[PDB]
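For reference, the chain that follows is the form deposited in one PDB entry, supplied as structure tokens.
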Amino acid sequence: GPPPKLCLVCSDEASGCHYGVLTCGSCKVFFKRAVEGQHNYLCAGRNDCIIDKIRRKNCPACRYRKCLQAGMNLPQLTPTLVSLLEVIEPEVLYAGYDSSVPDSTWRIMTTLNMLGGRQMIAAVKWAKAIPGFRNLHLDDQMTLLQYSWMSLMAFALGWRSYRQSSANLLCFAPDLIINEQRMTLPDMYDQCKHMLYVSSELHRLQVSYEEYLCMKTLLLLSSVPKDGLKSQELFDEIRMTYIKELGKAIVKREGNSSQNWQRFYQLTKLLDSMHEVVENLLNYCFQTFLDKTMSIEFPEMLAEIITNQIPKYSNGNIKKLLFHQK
């Protein structure tokens, strides 16, 4: 008797070749229902759930994604670079926000700056753990963090907001969530909308965890001094490694020759728009820092980076790296 054919989606015995792909009966009708049904399936995990006979009812967002990766229409104890990135991912920090007291723009922005300072501290220890960062010069390491701190904070905040609040709210910390009430507070709305674009794009693109981990490391290596770095030769091969790393994460995710490129296009196109997001986020942050009348509190760590950055952008000595235009 012939060896049982397997479902390219849930690994249960396949009933035939349905919708172009060797699929089972349960997977076939799930796919016809997802297309015609008009659903905005959300993932409780990180867009990389395991789809098998036992867990196919588990996630319809990842099962409907796996039907498109297999092609429907109408060992592993060898660490990889991204397995290290996952393990060195900073923990969730709490804002220390006293919810038993009424909100205010000052108290909210001060708390988030004081929190952002601690997030920065972790972002330094994270950078040290990235393979090859401490191989570069100290003046380069200091520069890379100074230049890309806002890309790392708005990217990690955008992903936390995507995952935790369906991409509707900003999830700064478990205790300080900028809700619809807090967003319409004075001087809040416009800055929050920039952070929300990051979350809204990660939502539209259904970014997977491995893809996110690679895009984040690539964001640290996205802004360079106009003339270059002390160890620029090394910087280039390090950045090139994580572009190949991103491409590896896109191969698992898409499972198709032509899909692999259309995907790389969008993620790298988002990585480009991150320079415009950070351009706008820093314009308001710098204006607030210099605004003596607002008098919002910035921590000793963050204030130091802000002062040593304001005349570097206004100098043009910042070569923003692009994947698509230049």
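Superpose the two forms; the largest set of C-alphas matching within 1.5 Å is the rigid core. Don't overthink the numbering: it's just position in the shown sequence, from 1.
Omitted from view is the form deposited in another entry, to which the following refers.
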If you fit the rigid core between the shown form and the other one, which of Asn280, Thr268, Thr288, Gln69 ends up with a C-alpha shift of 2 Å or more?
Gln69
Please state whether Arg182 has a C-alpha shift of 2 Å or more between the shown form and the other one, with the rigid core used for the fit.
yes
Is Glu304 among the residues whose Cα moves by 2 Å or more between the shown form and the other one after superposition of the rigid core?
no
Per-residue C-alpha change between the shown form and the other one, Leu22, threshold 2 Å, rigid core fit
yes
Answer with closer or farther for the CA-CA spacing of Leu271 and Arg63 in that other deposited form compared to the shown form; it moves by 3 Å or more.
farther
